[PDB]
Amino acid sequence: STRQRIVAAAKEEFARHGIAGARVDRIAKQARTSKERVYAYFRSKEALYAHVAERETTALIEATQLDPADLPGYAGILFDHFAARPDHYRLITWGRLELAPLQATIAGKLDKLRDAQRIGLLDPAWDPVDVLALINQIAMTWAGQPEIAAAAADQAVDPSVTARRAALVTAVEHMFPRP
């Protein structure tokens, strides 16, 4: 399709250059279309970003059903997602810095954790707020630490990516031990 082609190309251009840095020129040239066409679907470079972000977020939220009874498995899930889509990570990070719905699913997950605690599945001492934030952080550990990720090169006993995954899942297991 053509909306799709613009979107796919906008994804790759936003991850690279961010919003201010992205060019509709390049995007249309890459999407095999014209500037005028792009602006029929989307009002503005910034409207286009918004659309892409939404689309990305929703993709994520759906890939990311939270299981309160398996938090380390949850972390592996997020790990996998960004292992797969390195540039989703770039693309939202640009947005946090450049700008500074989702809130809904968060409010929902905090309720899901409140529930886990009530049915005795997660230490009642933790604040849900802290549990959610933390697990999200740890999961984007390798996205979020590129400098160490560089050293990880041949400083790691087992370079295998799924070794990174094991550690991470094991770490989350240590924080909130499954019942």
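The numbering used is simple: start at 1 and walk along the sequence shown.
The deposited sequence places 4 to 9 unmodelled residues between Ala100 and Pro101. In this entry, 9-17 shows the higher mean Cα temperature factor of the pair 9-17 and 162-170. When the CA B factors of the chain's modelled residues are split into thirds, the value for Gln145 lands in the highest one. Split the chain's modelled residues into thirds by C-alpha temperature factor. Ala84 is in the highest one.
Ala59: CA B factor lies in the highest third for its chain, per the PDB record. When the CA B factors of the chain's modelled residues are split into thirds, the value for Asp154 lands in the highest one.
In the PDB entry, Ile135 places in the lowest third of its chain by CA B-factor.
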